[PDB]
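Two forms of the same protein chain are encoded below as structure tokens; each is given separately, as structure 1 and structure 2.
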Structure 1
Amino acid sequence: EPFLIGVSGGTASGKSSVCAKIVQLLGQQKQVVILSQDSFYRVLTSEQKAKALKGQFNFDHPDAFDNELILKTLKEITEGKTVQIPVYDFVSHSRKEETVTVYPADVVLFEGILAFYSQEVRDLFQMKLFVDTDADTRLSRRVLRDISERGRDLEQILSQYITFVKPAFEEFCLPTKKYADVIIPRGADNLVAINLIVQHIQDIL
């Protein structure tokens, strides 16, 4: 009976770090796994991938994610089954053939920028966390990582940000903050907020 925790927030908000911190503090036994929604980006068409290369594709809209595959993988995980998670390559906007196998855990953290958007998926989480971080701090991280880990150009990133990221964060992501059981300002640095969450998780288990 995996205890699923949904974690969301805007891009570069510290969602994954927050999860790492929860995992690390549960250590101080319980099997924990961290899944990323970015792993379920849809398989782009030839025309769509052309747009992406030209920066005309909206990877921040709820439709960009394979919502259907997500609900399925999460549902089986909920059933204690062993699943296969896809691997996405942000450099080419492509789902690799390679899959990653995830075995049953006691706690499963699902983190993403739109993890709470779909109501079917949202109902699977027995706890929902929204990570809040200054938009300017986030942008700065987004710029450095993209240039670094996703081989991209400054101007293109800023342009993508202004055109899609922010307009989408505000329209689809932010409203989901109301569904959270705990909102976390300052992200991983909020050790007080993360310790209460951890304590809560342990009291339930």
Structure 2
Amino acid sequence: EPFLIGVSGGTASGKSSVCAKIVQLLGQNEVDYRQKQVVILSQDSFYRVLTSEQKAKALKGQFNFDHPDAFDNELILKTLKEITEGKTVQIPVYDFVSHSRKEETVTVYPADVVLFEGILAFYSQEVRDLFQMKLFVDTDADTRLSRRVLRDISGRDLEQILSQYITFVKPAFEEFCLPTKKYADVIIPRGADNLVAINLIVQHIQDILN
């Protein structure tokens, strides 16, 4: 069966660039999406198709997408189990405009190793039990916020960014994400720039690939 590696951390902690660089160093980008051995799956892709009431809160702008409720916990469990069985899965493409899923999906052919990363990857116990390796990218809220601002502004407004952060992100991260850090088997600090760490994991995957 495929080797499932759960990766978590806060937004802009690097959990994404770390996964992106892992598959890259493994030369998976030079491989056709049809034969790929190592694939990256994002929790962001599994956003819940909002109900009437939820979109009414999002319309106003008070719907926290970092809250564990914003994620389709069941679809994620379903999808991961199916990939375990070695089957092929259909990863949905979210239409943030309508807050529904576009008809357009993403096909993920059975892979040897699967990297599932998200801010609440370890939140659900059933999802957490499916991972055979649990990694948490630990980066100070300090640095993360700094990274977050530079990214968003360079086209979001500075005031808006810090306001959404203080009002919604910080609180959601501290209440649901941070507490899951205790589930990790391995903690990777700083992120993408931690070369020694990245290579340790790419080598572990390589061995599995042989």
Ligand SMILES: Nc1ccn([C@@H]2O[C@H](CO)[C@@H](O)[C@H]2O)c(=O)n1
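All residue numbers here follow the sequence of structure 1, with the first residue given the number 1. We call the rigid core whatever largest set of C-alpha positions still superposes within 1.5 Å between the two forms.
The first of the two structures is the form deposited with the ligand bound.
For the listed set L35, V165, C173, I157, the sole C-alpha moving 2 Å or more between structures 1 and 2 on a rigid core superposition is that of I157.
For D89, a C-alpha deviation of 2 angstroms or more is recorded between structures 1 and 2 after rigid-core alignment. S140 is among the residues whose C-alpha shifts by 2 Å or more between structures 1 and 2 once the rigid core is aligned.
After superposing the rigid core, the Cα of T45 is displaced by 2 Å or more between structures 1 and 2. If you overlay the core, the Cα of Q199 moves by 2.9 Å between structures 1 and 2.
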